[PDB]
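Next up, structure tokens for two forms of one chain, structure 1 and then structure 2.
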Structure 1
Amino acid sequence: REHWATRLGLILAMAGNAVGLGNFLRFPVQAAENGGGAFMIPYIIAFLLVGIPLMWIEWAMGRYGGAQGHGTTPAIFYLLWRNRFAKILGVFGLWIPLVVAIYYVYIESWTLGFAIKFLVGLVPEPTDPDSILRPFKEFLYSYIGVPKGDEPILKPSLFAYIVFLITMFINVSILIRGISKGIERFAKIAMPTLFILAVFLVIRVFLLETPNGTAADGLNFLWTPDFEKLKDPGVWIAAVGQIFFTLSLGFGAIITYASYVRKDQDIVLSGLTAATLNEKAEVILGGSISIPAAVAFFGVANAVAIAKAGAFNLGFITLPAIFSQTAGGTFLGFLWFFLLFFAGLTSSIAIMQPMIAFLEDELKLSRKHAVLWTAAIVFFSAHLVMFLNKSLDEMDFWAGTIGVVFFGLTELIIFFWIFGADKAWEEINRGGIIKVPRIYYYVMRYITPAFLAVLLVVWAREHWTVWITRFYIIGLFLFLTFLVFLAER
């Protein structure tokens, strides 16, 4: 079996798994909508009670399965629970990363296309907030193919489509070279580049002074607390969902990556380091860039408006408009979209590896054929997201939101209840440079599952292109269940 070459490459590849588009696009809008500075209270609680424990559990399950030649949850769940229904539940560990990859790689291709257009200065150039934002709203809509009327259909530009092809080619170019010579070698270059880009952008944003406000006014707006809405269960659901997404928990990606860690290698300190690096990039770097620069340029009055506009409006419309209004801002735009691209790329290769690992481990396919077939399924399926509006939202909800929380509870129960709390605890701490604090044993066994279960219950008591997407992703689950059937025989 393939293995990571170095401990540094392992940590940077896992950090690249976590540090993605959610750090810079999702997190700022999540915090602004769910209490501002007060959002850190449920965010930190979810990080300590759910994020950290589930991270170590997924590292352990992956390495445990990897020692027996299995990198994906259908086989690994069966190894932990000799029951056919454990294999069916394990299919979610392939379905979730595949469905998420379908729309994640498309958004990733947007950042590459915007990086290209901004590097060469093929950007619009406009006084008034709406007068400055309109040319960039139309720039994104022409790139995406937004309808002029009520039609719910998208028609991407030829440039966007070709850039999506290039994006798939780049993901294949990394993934086809394997774990050490592909993912690990690219992580050692991309992650240092990522942090340098982000730190530089934070510094440049903290120097913004406009007639409407300063960077300090933007930081004040973002971290303005609103502790009253901590009574809203939706804030706690948003915080837990953000923790799942930003740490790549419940996507089967950590498990597959950890399956290439040697049996006796540390996973306690490595996983803690990767999770810590992500939180630094998320709350320190991701939070400091987009929203503060937006408030600094459009003032606090317009800040509430663009905060409610959404992550895509903020990342692909509002921030580009700001850039075009500063000296050398087209290059700042390039660095922004270059940052997002490497952040997305290091995450998309992680979210496509589970399907590659399943084809290699269980169907005995070569790496070349496993990578090319995985890319083909993702490329084809992405035409749903490319041409159908609201298709991405449905996939992100079922797979990247509800699915990951249900799967996080499932892998927890299988590993720590059915397999054995004492056995799982021994499996986590084995080989660890540091040991897990004893209090987390009771957190994993009682607190985390009770927290997730109550959230599930509280979550349940709170067009027709949607049925097209539902139909398709249901078929994907049927397809993957058939491949698991074929792997048995």
Structure 2
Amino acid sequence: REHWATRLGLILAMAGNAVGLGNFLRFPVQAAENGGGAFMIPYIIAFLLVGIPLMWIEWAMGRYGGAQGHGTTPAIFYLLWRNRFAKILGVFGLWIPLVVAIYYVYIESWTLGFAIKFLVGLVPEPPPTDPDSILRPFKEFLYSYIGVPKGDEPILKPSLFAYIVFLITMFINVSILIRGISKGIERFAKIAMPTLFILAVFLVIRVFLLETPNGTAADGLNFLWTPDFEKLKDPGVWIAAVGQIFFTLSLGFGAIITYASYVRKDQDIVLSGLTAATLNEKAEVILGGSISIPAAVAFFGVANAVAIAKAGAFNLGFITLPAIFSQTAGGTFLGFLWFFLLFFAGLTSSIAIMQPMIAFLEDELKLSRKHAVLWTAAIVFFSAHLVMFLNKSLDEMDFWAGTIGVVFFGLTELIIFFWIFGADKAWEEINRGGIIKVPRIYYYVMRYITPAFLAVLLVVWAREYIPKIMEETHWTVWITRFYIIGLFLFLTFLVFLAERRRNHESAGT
């Protein structure tokens, strides 16, 4: 079995897994919608009670499974819990990352397409001036790229350029993954993360120089970092914060687990895990947090920036920021650096969420890496056509897998590892080989606090928010639900085939 070559490569790869579109696109919108500073208190608490503990748990499960030649949850869950039901629940650790990949790589492809067009200056030119005469050209630019419906039919019509760029993005993901863990993902991480970090710091600096009659970047910062103890009572904020914590750390994706399955049995996961998690948080609250919001607030003021963020999920990153930049010297090139940053942030994440499927085909069905990577790419590529052509399909997939799914799976994996497998066996398994030990307090956090935290969260989520969303949707949501349910059935069938092959090889030898 492959292993990470160096500890640095391991850290940077795990950091690249975590640090992605979530830091630069998702986090700003989440924080903005939920009151900025008001969002941060629950966010910080979530990182301490959920983010950190689950990270260690997933590193441990991965290293544990890897030692026995298994990198994905269908098998790993079965190792911790000898029950057929464990294999079925383990399917989510293939399904979630696959479904997420199906829309994530497409969004990643947009960042590359924009980077290219901004580089070559093939971008809209606003009139040299109300705020809308400047934004509109950029809205139309995005709308033409992805092909937003101009009529009543829920159908998207992406440009030829967007389509070809998606193919190129898939090709780029494949070229890295096909070279494996050490020579592929690890090598690229060593190049991608430093580059990523530099671009971000530069962008932060540039943004900090923004000033208009409407305000400064500093106004944005104070909005994000001013505690609002009155919102800490609203369940919606807590749900938003925990959801972002999950998505941001790649928890519940089965991705941290699969990566960790390439960590040597004895190699530390305590300090490495904590480091990777801390790296992500810095990139998120310091880098991601200091770019979009402050730029928006500088040009529009707090109130307007919040409305923009609430307007859409891609408004701030694909429309508003480039529009703002176009009003500054060298702004088109600054737009390029922004989208190039997003692309590298996307790329190092998409390889992470596709690897679980790759590891499964290799580990359980004994496919060569080449075949495992190509077939995986083929499923993601084909499935992505639903996201490219059906309006809101992306939203539906992001909800069931990337929102509900990850939290459900986080709770599931904790229960299995800390409750069923044994709290003391899990605790010892996490600390084994540790350069440092986990503080004793975290034993009771993991065993009692985290699970109770997630369970209550899911319930309150279930009672007050899921009924509204389920009942009010357009009928086309069922197309996506139907398809991704079929995907789960498909993966269940593969796990079944894997156990058959296993039983045959066992009797044969």
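For numbering, take structure 1's sequence and count from 1. By rigid core we mean the largest C-alpha set that fits within 1.5 Å across both forms.
Superposing the rigid core between structure 1 and structure 2 leaves a single residue from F331, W373, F169, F227 with a C-alpha shift of at least 2 Å: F227. Core-aligned CA deviation for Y106 between structure 1 and structure 2: less than 2 Å. Core-aligned CA deviation for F244 between structure 1 and structure 2: less than 2 Å.
Superposed on the core, the two forms barely differ at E362: its CA moves less than 2 Å between structure 1 and structure 2. Relative displacement of the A301 Cα between structure 1 and structure 2 on rigid core alignment is 5.2 Å. For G213, the CA shift between structure 1 and structure 2 after superposing the rigid core equals 2.3 Å. Fit the two forms on the rigid core and the C-alpha of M40 turns out 1.0 Å off between structure 1 and structure 2.
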